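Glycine gets a Cβ as well: all are built from the backbone with ideal geometry, and neighbour counts include every protein chain shown. What follows draws every value from the coordinates through simple rules; no lab data is involved.
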Amino acid sequence: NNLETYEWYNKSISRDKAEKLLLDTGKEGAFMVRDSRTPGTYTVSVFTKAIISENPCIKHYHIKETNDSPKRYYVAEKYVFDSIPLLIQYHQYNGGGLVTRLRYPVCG
Amino acid sequence: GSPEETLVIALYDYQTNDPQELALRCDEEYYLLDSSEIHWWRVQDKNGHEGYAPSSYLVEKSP
């Protein structure tokens, strides 16, 4: 899938760089994605200035891969999406199962 | 003292955006029923308000 079109998608970035890069934003909601070696199971790097023990903190919500049809990617046990662009958008607004409903994307 | 279930609290003043989510009153507190989840930790308000509460804004009180 050509995710290079989106912003949250970033393969040229690693976890360490993902955790730091997001830190630069220093904004609550700052969310992004990081390609994974898997054949189809990227990762949603969610950064939200929260937590007391460790702040800031990065939430690595690894899209639950459900090799089914449909049933594929999802992160909330609520609803399942057959694509990442949906899970990323469905959370942009409305409401879902996310510590900090996505509302602020990041880019390189 | 944190035997089987720990307790968490909201750092800021997170507000519920949906019935599913659990409203928090910066200073409130509850218990932990599902810490296995990476997103929400099904907590139970003393009043009886059970809902998905934000793990981030939350943190195990611990001893």
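Annotations
- When residues of segment A:57-68 are limited to those that are more than 9 Å from chain B (Cβ to nearest Cβ) and either closer than 20 Å to B:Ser55 by Cβ or of a type in the set (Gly, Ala, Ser) (or both), the one surrounded by the fewest Cβ atoms within 10 Å (Cβ to Cβ): A:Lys64
- The condition of being more than 9 Å from chain B (Cβ to nearest Cβ), closer than 24 Å to B:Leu58 by Cα and among the basic types (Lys, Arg) holds for A:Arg15.
- Odd one out for A:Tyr90 among (1) among the aromatic types (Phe, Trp, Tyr); (2) away from chain B (no Cβ under 12 Å); (3) touching a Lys or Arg at 6+ places or on another chain (Cβ under 9 Å): (3)
- Residues of segment B:6-63 satisfying the condition of being of a type in the set (D, E, K, R), closer than 15 Å to A:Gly96 by Cα and not in a loop (DSSP other than H, G, I, E, B): B:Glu21
- B:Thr16 surrounded by 12 or more Cβ atoms within 10 Å (Cβ to Cβ) and touching a residue at least 40 places away in the same chain (Cβ under 8 Å): no
- Options A:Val106, A:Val33, A:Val46: the member that is under 22 Å from B:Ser36 (Cβ atoms) and among the hydrophobic types (A, V, I, L, M, F, W, C): A:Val46
- Single unsatisfied condition, A:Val99 versus (1) surrounded by fewer than 17 Cβ atoms within 10 Å (Cβ to Cβ); (2) out of contact with any helix residue (DSSP H, G or I) (no Cβ under 9 Å at 6 or more places or on another chain); (3) not small (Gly, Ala, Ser): (1)
- Filter result for B:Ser36 (touching a residue at least 60 places away in the same chain (Cβ under 8 Å) and more than 8 Å from the chain's Cα centre (by Cα)): no
- For A:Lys78, the test of being surrounded by fewer than 18 Cβ atoms within 10 Å (Cβ to Cβ) and farther than 21 Å from B:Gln20 by Cβ is failed.
- Residue count, segment B:24-43 (criterion: under 26 Å from A:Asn94 (Cβ atoms) and crowded, with 17+ Cβ neighbours inside 10 Å): 8
- Selection within segment B:12-33 - acidic (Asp, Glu) and more than 11 Å from the chain's Cα centre (by Cα): B:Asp13, B:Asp18, B:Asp27
For every residue, the table says whether it meets (1) under 22 Å from B:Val8 (Cβ atoms); (2) basic (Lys, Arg); (3) within 14 Å of chain B (Cβ to nearest Cβ).
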{"site": "A:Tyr6", "(1), (2), (3)": "no, no, no"}
{"site": "A:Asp24", "(1), (2), (3)": "no, no, no"}
{"site": "A:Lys27", "(1), (2), (3)": "no, yes, yes"}
{"site": "A:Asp35", "(1), (2), (3)": "no, no, no"}
{"site": "A:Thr41", "(1), (2), (3)": "no, no, no"}
{"site": "A:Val44", "(1), (2), (3)": "no, no, yes"}
{"site": "A:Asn55", "(1), (2), (3)": "yes, no, yes"}
{"site": "A:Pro70", "(1), (2), (3)": "no, no, no"}
{"site": "A:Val99", "(1), (2), (3)": "yes, no, yes"}
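- Test: residue in segment B:1-17 that is of a type outside the set (D, E, K, R), within 20 Å of A:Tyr61 (Cα to Cα) and within 12 Å of chain A (Cβ to nearest Cβ): no
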